[PDB]
Amino acid sequence: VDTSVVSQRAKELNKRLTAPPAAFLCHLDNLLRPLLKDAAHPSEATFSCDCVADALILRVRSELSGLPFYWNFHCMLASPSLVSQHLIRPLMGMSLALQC
Amino acid sequence: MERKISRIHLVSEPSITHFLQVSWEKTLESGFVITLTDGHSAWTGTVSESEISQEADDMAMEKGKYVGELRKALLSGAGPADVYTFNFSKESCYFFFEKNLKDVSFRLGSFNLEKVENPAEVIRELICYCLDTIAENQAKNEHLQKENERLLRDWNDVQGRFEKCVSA
């Protein structure tokens with residue numbers, strides 16, 4: 001997603017906001033990075049998953065400065081090129097390196 | 001019927017300090033009357049339980065902390081890590097207050113006030129209430145000082161009394 005849709009989805013999900021896309025993405029990164037980098041780190045970040053039709057809705061709910069902050073990733077099935085380039089070839093590379 | 005006065009600097013007119021009085025019956029949850037003034041004119045409005053409940057529900061925030069946020073904002077009692085901004089549209093007589101993050105403006109509350117027809121009465125009532133509170137506080141402080149002096153004298157005497165007792 002680019003910056004144009006970030007503002008629209010922020011307006012739709014959590015209303016009564018007056019923030020630009022840059023600050024929204026900065027907050028999202030500050031929320032997400034600590035969890036992904038290391039686990040077992042309570043950060044009041046509720047994660048939920050759902051599927052509707054060949055799609056994955058990933059809902060993240062957080063509290064910044066004691067106020068709600070909702071975001072939804074509307075992920076769609078990845079193309080064959082992306083899946084291969086991100087999982088298949090690297091895996092064979094690691095296998096060959098370990099064999100060596 | 002408790003009341004609280006606060007000083008607010010509207011963004012529209014930073015150079016002027018406006019006064020905001022919030023009156024509640026027994027608890028902040030039951031609704032409150034808000035009067036905003038600048039020394040010449042005043043606007044008065046009311047908020048009931050239904051309005052506050054609906055506003056809390058719309059925000060999708062737990063009602064246990066919405067009242068706390070309103071207390072920290074309207075009553076001007078808050079720490080250094082939080083800042084609130086109030087805006088008042090005169091023509092639309094619309095008063096909304098929000099919490100200001102780093103370029104992330106979150107709205108907290110919005111109400112509509114009506115122009116009063118007796119500004120002098122409101123100002124006089126505010127001044128009289130302030131003077132009465134000052135007088136009551138002074139009397140209470142004097143009474144507390146007298147009690148403290150009495151206790152100090154009693155303790156000073158009993159010290160020597162204990163000295164004599166241990167001597168015997």
# chains A, B, ... in the order shown; residues from 1 in each chain; ligands from 1

$ closest_atom_pairs --of "chain A" --to "chain B" --cutoff "12 Å" --atoms "only C-alpha atoms" --output "Markdown table"
| residue | atom | partner | partner_atom | distance |
| --- | --- | --- | --- | --- |
| A:10 | CA | B:104 | CA | 11.9 |
| A:11 | CA | B:106 | CA | 11.7 |
| A:13 | CA | B:60 | CA | 10.8 |
| A:14 | CA | B:59 | CA | 8.2 |
| A:15 | CA | B:59 | CA | 8.0 |
| A:16 | CA | B:107 | CA | 5.5 |
| A:17 | CA | B:106 | CA | 5.1 |
| A:18 | CA | B:105 | CA | 4.9 |
| A:19 | CA | B:104 | CA | 4.4 |
| A:20 | CA | B:104 | CA | 7.3 |
| A:21 | CA | B:104 | CA | 9.7 |
| A:22 | CA | B:103 | CA | 9.4 |
| A:23 | CA | B:104 | CA | 6.7 |
| A:24 | CA | B:104 | CA | 7.9 |
| A:25 | CA | B:104 | CA | 11.3 |
| A:26 | CA | B:104 | CA | 10.8 |
| A:27 | CA | B:104 | CA | 9.8 |
| A:61 | CA | B:60 | CA | 11.2 |
| A:62 | CA | B:61 | CA | 11.3 |
| A:63 | CA | B:61 | CA | 9.9 |
| A:64 | CA | B:101 | CA | 9.6 |
| A:65 | CA | B:82 | CA | 8.0 |
| A:66 | CA | B:65 | CA | 8.4 |
| A:67 | CA | B:61 | CA | 7.3 |
| A:68 | CA | B:61 | CA | 6.5 |
| A:69 | CA | B:60 | CA | 9.8 |
| A:70 | CA | B:60 | CA | 10.1 |

$ select_by_dssp --residues "chain B" --states "alpha helix (DSSP H)" --output "number ranges by chain"
B: 49-59, 63-74, 119-167

$ write_last_selection --atoms "C-alpha atoms" --output "PDB file, in the first residue's frame"
ATOM      1  CA  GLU B  49     -25.905  11.142  30.486  1.00  0.00           C
ATOM      2  CA  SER B  50     -27.185  10.041  27.076  1.00  0.00           C
ATOM      3  CA  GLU B  51     -24.834  12.343  25.162  1.00  0.00           C
ATOM      4  CA  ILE B  52     -21.732  11.276  27.098  1.00  0.00           C
ATOM      5  CA  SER B  53     -22.658   7.599  26.773  1.00  0.00           C
ATOM      6  CA  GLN B  54     -23.195   7.943  23.018  1.00  0.00           C
ATOM      7  CA  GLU B  55     -19.899   9.797  22.594  1.00  0.00           C
ATOM      8  CA  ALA B  56     -18.073   7.088  24.547  1.00  0.00           C
ATOM      9  CA  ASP B  57     -19.706   4.359  22.454  1.00  0.00           C
ATOM     10  CA  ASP B  58     -18.827   6.098  19.184  1.00  0.00           C
ATOM     11  CA  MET B  59     -15.149   6.372  20.132  1.00  0.00           C
ATOM     12  CA  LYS B  63     -16.235   4.119  29.288  1.00  0.00           C
ATOM     13  CA  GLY B  64     -14.040   3.745  32.376  1.00  0.00           C
ATOM     14  CA  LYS B  65     -11.286   5.865  30.813  1.00  0.00           C
ATOM     15  CA  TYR B  66     -13.398   8.304  28.780  1.00  0.00           C
ATOM     16  CA  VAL B  67     -14.525   9.940  32.027  1.00  0.00           C
ATOM     17  CA  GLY B  68     -10.908  10.086  33.172  1.00  0.00           C
ATOM     18  CA  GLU B  69      -9.844  11.753  29.929  1.00  0.00           C
ATOM     19  CA  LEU B  70     -12.692  14.264  30.213  1.00  0.00           C
ATOM     20  CA  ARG B  71     -11.656  14.997  33.800  1.00  0.00           C
ATOM     21  CA  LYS B  72      -8.046  15.508  32.723  1.00  0.00           C
ATOM     22  CA  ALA B  73      -9.061  17.799  29.842  1.00  0.00           C
ATOM     23  CA  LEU B  74     -12.022  19.939  30.930  1.00  0.00           C
ATOM     24  CA  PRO B 119     -23.294  38.166  30.877  1.00  0.00           C
ATOM     25  CA  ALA B 120     -23.046  40.376  33.960  1.00  0.00           C
ATOM     26  CA  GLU B 121     -24.977  37.855  36.053  1.00  0.00           C
ATOM     27  CA  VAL B 122     -22.631  35.020  35.058  1.00  0.00           C
ATOM     28  CA  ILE B 123     -19.491  37.054  35.752  1.00  0.00           C
ATOM     29  CA  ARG B 124     -20.844  38.264  39.098  1.00  0.00           C
ATOM     30  CA  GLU B 125     -21.779  34.731  40.150  1.00  0.00           C
ATOM     31  CA  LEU B 126     -18.318  33.447  39.220  1.00  0.00           C
ATOM     32  CA  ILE B 127     -16.559  36.202  41.171  1.00  0.00           C
ATOM     33  CA  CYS B 128     -18.818  35.723  44.200  1.00  0.00           C
ATOM     34  CA  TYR B 129     -18.223  31.966  44.230  1.00  0.00           C
ATOM     35  CA  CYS B 130     -14.466  32.498  44.000  1.00  0.00           C
ATOM     36  CA  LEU B 131     -14.518  34.976  46.893  1.00  0.00           C
ATOM     37  CA  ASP B 132     -16.623  32.646  49.046  1.00  0.00           C
ATOM     38  CA  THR B 133     -14.249  29.753  48.362  1.00  0.00           C
ATOM     39  CA  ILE B 134     -11.264  31.944  49.259  1.00  0.00           C
ATOM     40  CA  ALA B 135     -12.863  32.971  52.555  1.00  0.00           C
ATOM     41  CA  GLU B 136     -13.785  29.399  53.490  1.00  0.00           C
ATOM     42  CA  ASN B 137     -10.275  28.179  52.668  1.00  0.00           C
ATOM     43  CA  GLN B 138      -8.719  30.924  54.797  1.00  0.00           C
ATOM     44  CA  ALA B 139     -10.942  30.063  57.765  1.00  0.00           C
ATOM     45  CA  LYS B 140     -10.164  26.352  57.426  1.00  0.00           C
ATOM     46  CA  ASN B 141      -6.427  27.058  57.235  1.00  0.00           C
ATOM     47  CA  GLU B 142      -6.595  29.194  60.381  1.00  0.00           C
ATOM     48  CA  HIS B 143      -8.433  26.419  62.229  1.00  0.00           C
ATOM     49  CA  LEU B 144      -5.864  23.853  61.085  1.00  0.00           C
ATOM     50  CA  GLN B 145      -3.036  26.106  62.265  1.00  0.00           C
ATOM     51  CA  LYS B 146      -4.646  26.425  65.698  1.00  0.00           C
ATOM     52  CA  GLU B 147      -5.063  22.651  65.974  1.00  0.00           C
ATOM     53  CA  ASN B 148      -1.444  22.101  64.938  1.00  0.00           C
ATOM     54  CA  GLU B 149      -0.237  24.546  67.592  1.00  0.00           C
ATOM     55  CA  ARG B 150      -2.311  22.737  70.225  1.00  0.00           C
ATOM     56  CA  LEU B 151      -0.882  19.355  69.232  1.00  0.00           C
ATOM     57  CA  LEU B 152       2.675  20.705  69.213  1.00  0.00           C
ATOM     58  CA  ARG B 153       2.272  22.130  72.720  1.00  0.00           C
ATOM     59  CA  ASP B 154       0.801  18.867  74.012  1.00  0.00           C
ATOM     60  CA  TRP B 155       3.655  16.822  72.548  1.00  0.00           C
ATOM     61  CA  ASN B 156       6.248  19.229  73.951  1.00  0.00           C
ATOM     62  CA  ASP B 157       4.766  18.871  77.440  1.00  0.00           C
ATOM     63  CA  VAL B 158       4.453  15.085  77.270  1.00  0.00           C
ATOM     64  CA  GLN B 159       8.126  14.843  76.300  1.00  0.00           C
ATOM     65  CA  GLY B 160       9.196  16.230  79.672  1.00  0.00           C
ATOM     66  CA  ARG B 161       6.495  14.172  81.358  1.00  0.00           C
ATOM     67  CA  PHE B 162       8.026  11.003  79.905  1.00  0.00           C
ATOM     68  CA  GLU B 163      11.472  12.195  80.985  1.00  0.00           C
ATOM     69  CA  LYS B 164      10.289  12.504  84.590  1.00  0.00           C
ATOM     70  CA  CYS B 165       8.508   9.139  84.444  1.00  0.00           C
ATOM     71  CA  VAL B 166      11.609   7.317  83.208  1.00  0.00           C
ATOM     72  CA  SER B 167      13.668   9.121  85.855  1.00  0.00           C
TER      73      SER B 167
END

$ select_by_dssp --residues "chain A" --states "strand (DSSP E)" --output "PDB file with N, CA, C and O atoms, in the first residue's frame"
ATOM      1  N   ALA A  45      -0.949  -4.960  22.126  1.00  0.00           N
ATOM      2  CA  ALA A  45      -1.166  -5.063  20.683  1.00  0.00           C
ATOM      3  C   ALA A  45      -2.010  -6.308  20.425  1.00  0.00           C
ATOM      4  O   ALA A  45      -1.479  -7.417  20.323  1.00  0.00           O
ATOM      5  N   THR A  46      -3.322  -6.123  20.317  1.00  0.00           N
ATOM      6  CA  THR A  46      -4.224  -7.236  20.063  1.00  0.00           C
ATOM      7  C   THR A  46      -4.266  -7.538  18.571  1.00  0.00           C
ATOM      8  O   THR A  46      -4.527  -6.648  17.755  1.00  0.00           O
ATOM      9  N   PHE A  47      -4.012  -8.795  18.220  1.00  0.00           N
ATOM     10  CA  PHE A  47      -3.994  -9.252  16.839  1.00  0.00           C
ATOM     11  C   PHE A  47      -5.117 -10.253  16.615  1.00  0.00           C
ATOM     12  O   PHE A  47      -5.326 -11.157  17.430  1.00  0.00           O
ATOM     13  N   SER A  48      -5.836 -10.089  15.508  1.00  0.00           N
ATOM     14  CA  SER A  48      -6.918 -10.988  15.141  1.00  0.00           C
ATOM     15  C   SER A  48      -6.833 -11.289  13.653  1.00  0.00           C
ATOM     16  O   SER A  48      -6.340 -10.476  12.868  1.00  0.00           O
ATOM     17  N   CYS A  49      -7.333 -12.461  13.270  1.00  0.00           N
ATOM     18  CA  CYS A  49      -7.273 -12.929  11.894  1.00  0.00           C
ATOM     19  C   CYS A  49      -8.652 -13.379  11.440  1.00  0.00           C
ATOM     20  O   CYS A  49      -9.427 -13.929  12.229  1.00  0.00           O
ATOM     21  N   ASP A  50      -8.953 -13.142  10.165  1.00  0.00           N
ATOM     22  CA  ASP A  50     -10.210 -13.595   9.588  1.00  0.00           C
ATOM     23  C   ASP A  50     -10.021 -13.818   8.096  1.00  0.00           C
ATOM     24  O   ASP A  50      -9.095 -13.284   7.480  1.00  0.00           O
ATOM     25  N   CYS A  51     -10.914 -14.618   7.520  1.00  0.00           N
ATOM     26  CA  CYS A  51     -10.939 -14.869   6.085  1.00  0.00           C
ATOM     27  C   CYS A  51     -12.369 -14.724   5.593  1.00  0.00           C
ATOM     28  O   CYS A  51     -13.300 -15.228   6.230  1.00  0.00           O
ATOM     29  N   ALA A  55      -9.176 -14.050   0.876  1.00  0.00           N
ATOM     30  CA  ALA A  55      -8.560 -12.859   1.436  1.00  0.00           C
ATOM     31  C   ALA A  55      -8.297 -13.083   2.916  1.00  0.00           C
ATOM     32  O   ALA A  55      -8.915 -13.936   3.557  1.00  0.00           O
ATOM     33  N   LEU A  56      -7.366 -12.299   3.455  1.00  0.00           N
ATOM     34  CA  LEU A  56      -6.969 -12.392   4.856  1.00  0.00           C
ATOM     35  C   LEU A  56      -7.074 -11.008   5.479  1.00  0.00           C
ATOM     36  O   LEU A  56      -6.320 -10.101   5.113  1.00  0.00           O
ATOM     37  N   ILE A  57      -8.001 -10.845   6.413  1.00  0.00           N
ATOM     38  CA  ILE A  57      -8.161  -9.603   7.159  1.00  0.00           C
ATOM     39  C   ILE A  57      -7.409  -9.772   8.471  1.00  0.00           C
ATOM     40  O   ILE A  57      -7.774 -10.609   9.306  1.00  0.00           O
ATOM     41  N   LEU A  58      -6.353  -8.984   8.648  1.00  0.00           N
ATOM     42  CA  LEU A  58      -5.529  -9.011   9.852  1.00  0.00           C
ATOM     43  C   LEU A  58      -5.764  -7.708  10.606  1.00  0.00           C
ATOM     44  O   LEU A  58      -5.368  -6.637  10.138  1.00  0.00           O
ATOM     45  N   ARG A  59      -6.405  -7.799  11.764  1.00  0.00           N
ATOM     46  CA  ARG A  59      -6.777  -6.631  12.550  1.00  0.00           C
ATOM     47  C   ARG A  59      -5.801  -6.456  13.703  1.00  0.00           C
ATOM     48  O   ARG A  59      -5.574  -7.392  14.477  1.00  0.00           O
ATOM     49  N   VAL A  60      -5.228  -5.261  13.818  1.00  0.00           N
ATOM     50  CA  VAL A  60      -4.349  -4.907  14.924  1.00  0.00           C
ATOM     51  C   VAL A  60      -4.977  -3.740  15.672  1.00  0.00           C
ATOM     52  O   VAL A  60      -5.311  -2.710  15.070  1.00  0.00           O
ATOM     53  N   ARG A  61      -5.155  -3.913  16.978  1.00  0.00           N
ATOM     54  CA  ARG A  61      -5.724  -2.895  17.848  1.00  0.00           C
ATOM     55  C   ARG A  61      -4.702  -2.548  18.917  1.00  0.00           C
ATOM     56  O   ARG A  61      -4.144  -3.444  19.560  1.00  0.00           O
ATOM     57  N   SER A  62      -4.457  -1.254  19.107  1.00  0.00           N
ATOM     58  CA  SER A  62      -3.429  -0.789  20.024  1.00  0.00           C
ATOM     59  C   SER A  62      -3.925   0.460  20.739  1.00  0.00           C
ATOM     60  O   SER A  62      -4.956   1.039  20.388  1.00  0.00           O
ATOM     61  N   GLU A  63      -3.182   0.861  21.767  1.00  0.00           N
ATOM     62  CA  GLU A  63      -3.451   2.082  22.513  1.00  0.00           C
ATOM     63  C   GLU A  63      -2.215   2.966  22.458  1.00  0.00           C
ATOM     64  O   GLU A  63      -1.145   2.569  22.931  1.00  0.00           O
ATOM     65  N   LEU A  64      -2.362   4.156  21.881  1.00  0.00           N
ATOM     66  CA  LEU A  64      -1.309   5.164  21.864  1.00  0.00           C
ATOM     67  C   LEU A  64      -1.769   6.346  22.704  1.00  0.00           C
ATOM     68  O   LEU A  64      -2.830   6.922  22.442  1.00  0.00           O
ATOM     69  N   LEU A  67      -5.418   6.061  23.856  1.00  0.00           N
ATOM     70  CA  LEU A  67      -6.529   6.182  22.927  1.00  0.00           C
ATOM     71  C   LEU A  67      -6.510   5.028  21.936  1.00  0.00           C
ATOM     72  O   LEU A  67      -5.439   4.513  21.600  1.00  0.00           O
ATOM     73  N   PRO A  68      -7.674   4.609  21.447  1.00  0.00           N
ATOM     74  CA  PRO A  68      -7.715   3.467  20.526  1.00  0.00           C
ATOM     75  C   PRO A  68      -7.024   3.773  19.205  1.00  0.00           C
ATOM     76  O   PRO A  68      -6.973   4.917  18.750  1.00  0.00           O
ATOM     77  N   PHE A  69      -6.488   2.719  18.592  1.00  0.00           N
ATOM     78  CA  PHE A  69      -5.803   2.836  17.308  1.00  0.00           C
ATOM     79  C   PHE A  69      -5.972   1.510  16.582  1.00  0.00           C
ATOM     80  O   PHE A  69      -5.376   0.504  16.982  1.00  0.00           O
ATOM     81  N   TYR A  70      -6.793   1.503  15.536  1.00  0.00           N
ATOM     82  CA  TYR A  70      -7.137   0.292  14.804  1.00  0.00           C
ATOM     83  C   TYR A  70      -6.529   0.332  13.411  1.00  0.00           C
ATOM     84  O   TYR A  70      -6.500   1.386  12.767  1.00  0.00           O
ATOM     85  N   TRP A  71      -6.042  -0.818  12.948  1.00  0.00           N
ATOM     86  CA  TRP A  71      -5.583  -0.957  11.575  1.00  0.00           C
ATOM     87  C   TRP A  71      -5.955  -2.342  11.067  1.00  0.00           C
ATOM     88  O   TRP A  71      -6.036  -3.301  11.837  1.00  0.00           O
ATOM     89  N   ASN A  72      -6.191  -2.432   9.760  1.00  0.00           N
ATOM     90  CA  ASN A  72      -6.618  -3.671   9.122  1.00  0.00           C
ATOM     91  C   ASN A  72      -5.812  -3.884   7.852  1.00  0.00           C
ATOM     92  O   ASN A  72      -5.840  -3.042   6.948  1.00  0.00           O
ATOM     93  N   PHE A  73      -5.099  -5.004   7.785  1.00  0.00           N
ATOM     94  CA  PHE A  73      -4.419  -5.431   6.571  1.00  0.00           C
ATOM     95  C   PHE A  73      -5.360  -6.330   5.778  1.00  0.00           C
ATOM     96  O   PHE A  73      -5.775  -7.386   6.271  1.00  0.00           O
ATOM     97  N   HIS A  74      -5.701  -5.909   4.564  1.00  0.00           N
ATOM     98  CA  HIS A  74      -6.580  -6.681   3.683  1.00  0.00           C
ATOM     99  C   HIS A  74      -5.756  -7.480   2.676  1.00  0.00           C
ATOM    100  O   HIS A  74      -5.833  -7.282   1.464  1.00  0.00           O
ATOM    101  N   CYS A  75      -4.963  -8.411   3.199  1.00  0.00           N
ATOM    102  CA  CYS A  75      -4.031  -9.149   2.363  1.00  0.00           C
ATOM    103  C   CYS A  75      -4.776 -10.046   1.379  1.00  0.00           C
ATOM    104  O   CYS A  75      -5.842 -10.588   1.679  1.00  0.00           O
ATOM    105  N   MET A  76      -4.196 -10.194   0.191  1.00  0.00           N
ATOM    106  CA  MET A  76      -4.737 -11.036  -0.863  1.00  0.00           C
ATOM    107  C   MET A  76      -3.695 -12.072  -1.262  1.00  0.00           C
ATOM    108  O   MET A  76      -2.494 -11.887  -1.052  1.00  0.00           O
TER     109      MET A  76
END

$ atom_distance --atom1 "CA of residue 38 (chain B)" --atom2 "CA of residue 16 (chain B)"
8.0 Å

$ decode --residues "region 81-112 of chain B" --atoms "N, CA and C atoms" --output "PDB file, in the first residue's frame"
ATOM      1  N   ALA B  81       2.958  15.044  30.107  1.00  0.00           N
ATOM      2  CA  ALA B  81       3.087  14.259  28.886  1.00  0.00           C
ATOM      3  C   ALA B  81       1.882  14.381  27.961  1.00  0.00           C
ATOM      4  N   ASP B  82       0.814  15.048  28.387  1.00  0.00           N
ATOM      5  CA  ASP B  82      -0.398  15.188  27.593  1.00  0.00           C
ATOM      6  C   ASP B  82      -0.747  16.662  27.441  1.00  0.00           C
ATOM      7  N   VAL B  83      -1.179  17.038  26.239  1.00  0.00           N
ATOM      8  CA  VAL B  83      -1.561  18.409  25.927  1.00  0.00           C
ATOM      9  C   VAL B  83      -2.901  18.390  25.207  1.00  0.00           C
ATOM     10  N   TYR B  84      -3.784  19.308  25.591  1.00  0.00           N
ATOM     11  CA  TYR B  84      -5.107  19.430  25.001  1.00  0.00           C
ATOM     12  C   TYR B  84      -5.264  20.803  24.364  1.00  0.00           C
ATOM     13  N   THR B  85      -6.046  20.852  23.290  1.00  0.00           N
ATOM     14  CA  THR B  85      -6.342  22.091  22.588  1.00  0.00           C
ATOM     15  C   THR B  85      -7.847  22.234  22.422  1.00  0.00           C
ATOM     16  N   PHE B  86      -8.346  23.438  22.689  1.00  0.00           N
ATOM     17  CA  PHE B  86      -9.762  23.758  22.590  1.00  0.00           C
ATOM     18  C   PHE B  86      -9.982  24.757  21.464  1.00  0.00           C
ATOM     19  N   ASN B  87     -11.052  24.555  20.697  1.00  0.00           N
ATOM     20  CA  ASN B  87     -11.423  25.460  19.619  1.00  0.00           C
ATOM     21  C   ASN B  87     -12.898  25.807  19.742  1.00  0.00           C
ATOM     22  N   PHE B  88     -13.217  27.070  19.463  1.00  0.00           N
ATOM     23  CA  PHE B  88     -14.561  27.610  19.636  1.00  0.00           C
ATOM     24  C   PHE B  88     -14.924  28.429  18.406  1.00  0.00           C
ATOM     25  N   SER B  89     -15.805  27.884  17.572  1.00  0.00           N
ATOM     26  CA  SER B  89     -16.335  28.612  16.426  1.00  0.00           C
ATOM     27  C   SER B  89     -17.480  29.499  16.894  1.00  0.00           C
ATOM     28  N   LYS B  90     -17.303  30.815  16.735  1.00  0.00           N
ATOM     29  CA  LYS B  90     -18.262  31.780  17.262  1.00  0.00           C
ATOM     30  C   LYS B  90     -19.565  31.745  16.476  1.00  0.00           C
ATOM     31  N   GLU B  91     -19.467  31.799  15.147  1.00  0.00           N
ATOM     32  CA  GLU B  91     -20.662  31.869  14.316  1.00  0.00           C
ATOM     33  C   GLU B  91     -21.515  30.620  14.478  1.00  0.00           C
ATOM     34  N   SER B  92     -20.883  29.451  14.496  1.00  0.00           N
ATOM     35  CA  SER B  92     -21.579  28.190  14.707  1.00  0.00           C
ATOM     36  C   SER B  92     -21.686  27.822  16.180  1.00  0.00           C
ATOM     37  N   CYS B  93     -21.141  28.645  17.072  1.00  0.00           N
ATOM     38  CA  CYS B  93     -21.120  28.386  18.511  1.00  0.00           C
ATOM     39  C   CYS B  93     -20.854  26.908  18.790  1.00  0.00           C
ATOM     40  N   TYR B  94     -19.707  26.441  18.299  1.00  0.00           N
ATOM     41  CA  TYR B  94     -19.309  25.043  18.421  1.00  0.00           C
ATOM     42  C   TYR B  94     -17.993  24.957  19.177  1.00  0.00           C
ATOM     43  N   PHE B  95     -17.971  24.184  20.264  1.00  0.00           N
ATOM     44  CA  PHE B  95     -16.809  24.096  21.146  1.00  0.00           C
ATOM     45  C   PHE B  95     -16.321  22.655  21.163  1.00  0.00           C
ATOM     46  N   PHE B  96     -15.124  22.408  20.631  1.00  0.00           N
ATOM     47  CA  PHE B  96     -14.577  21.057  20.653  1.00  0.00           C
ATOM     48  C   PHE B  96     -13.165  21.067  21.220  1.00  0.00           C
ATOM     49  N   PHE B  97     -12.846  20.023  21.979  1.00  0.00           N
ATOM     50  CA  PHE B  97     -11.545  19.882  22.613  1.00  0.00           C
ATOM     51  C   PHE B  97     -10.933  18.542  22.238  1.00  0.00           C
ATOM     52  N   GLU B  98      -9.625  18.568  21.978  1.00  0.00           N
ATOM     53  CA  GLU B  98      -8.908  17.434  21.418  1.00  0.00           C
ATOM     54  C   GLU B  98      -7.567  17.288  22.120  1.00  0.00           C
ATOM     55  N   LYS B  99      -6.963  16.113  21.967  1.00  0.00           N
ATOM     56  CA  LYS B  99      -5.631  15.833  22.485  1.00  0.00           C
ATOM     57  C   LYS B  99      -4.624  15.930  21.347  1.00  0.00           C
ATOM     58  N   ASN B 100      -3.532  16.660  21.577  1.00  0.00           N
ATOM     59  CA  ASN B 100      -2.559  16.966  20.533  1.00  0.00           C
ATOM     60  C   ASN B 100      -1.315  16.107  20.729  1.00  0.00           C
ATOM     61  N   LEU B 101      -1.108  15.156  19.822  1.00  0.00           N
ATOM     62  CA  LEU B 101       0.121  14.381  19.770  1.00  0.00           C
ATOM     63  C   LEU B 101       1.087  15.053  18.793  1.00  0.00           C
ATOM     64  N   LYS B 102       2.182  14.372  18.459  1.00  0.00           N
ATOM     65  CA  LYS B 102       3.167  14.901  17.518  1.00  0.00           C
ATOM     66  C   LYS B 102       2.574  14.829  16.116  1.00  0.00           C
ATOM     67  N   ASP B 103       1.881  15.899  15.723  1.00  0.00           N
ATOM     68  CA  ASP B 103       1.241  15.988  14.411  1.00  0.00           C
ATOM     69  C   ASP B 103       0.197  14.891  14.217  1.00  0.00           C
ATOM     70  N   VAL B 104      -0.380  14.408  15.314  1.00  0.00           N
ATOM     71  CA  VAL B 104      -1.449  13.410  15.279  1.00  0.00           C
ATOM     72  C   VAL B 104      -2.573  13.964  16.150  1.00  0.00           C
ATOM     73  N   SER B 105      -3.523  14.656  15.527  1.00  0.00           N
ATOM     74  CA  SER B 105      -4.599  15.315  16.252  1.00  0.00           C
ATOM     75  C   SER B 105      -5.768  14.352  16.420  1.00  0.00           C
ATOM     76  N   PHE B 106      -6.067  14.004  17.669  1.00  0.00           N
ATOM     77  CA  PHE B 106      -7.180  13.130  18.015  1.00  0.00           C
ATOM     78  C   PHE B 106      -8.279  13.957  18.665  1.00  0.00           C
ATOM     79  N   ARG B 107      -9.504  13.818  18.164  1.00  0.00           N
ATOM     80  CA  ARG B 107     -10.636  14.518  18.754  1.00  0.00           C
ATOM     81  C   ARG B 107     -11.134  13.769  19.981  1.00  0.00           C
ATOM     82  N   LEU B 108     -11.529  14.525  21.003  1.00  0.00           N
ATOM     83  CA  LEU B 108     -11.992  13.945  22.258  1.00  0.00           C
ATOM     84  C   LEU B 108     -13.436  14.296  22.567  1.00  0.00           C
ATOM     85  N   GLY B 109     -13.835  15.551  22.406  1.00  0.00           N
ATOM     86  CA  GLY B 109     -15.212  15.928  22.683  1.00  0.00           C
ATOM     87  C   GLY B 109     -15.638  17.137  21.886  1.00  0.00           C
ATOM     88  N   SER B 110     -16.948  17.249  21.669  1.00  0.00           N
ATOM     89  CA  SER B 110     -17.526  18.371  20.942  1.00  0.00           C
ATOM     90  C   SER B 110     -18.919  18.650  21.485  1.00  0.00           C
ATOM     91  N   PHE B 111     -19.210  19.925  21.742  1.00  0.00           N
ATOM     92  CA  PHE B 111     -20.513  20.358  22.223  1.00  0.00           C
ATOM     93  C   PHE B 111     -20.910  21.635  21.497  1.00  0.00           C
ATOM     94  N   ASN B 112     -22.161  22.037  21.700  1.00  0.00           N
ATOM     95  CA  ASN B 112     -22.707  23.257  21.122  1.00  0.00           C
ATOM     96  C   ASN B 112     -23.273  24.115  22.242  1.00  0.00           C
TER      97      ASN B 112
END
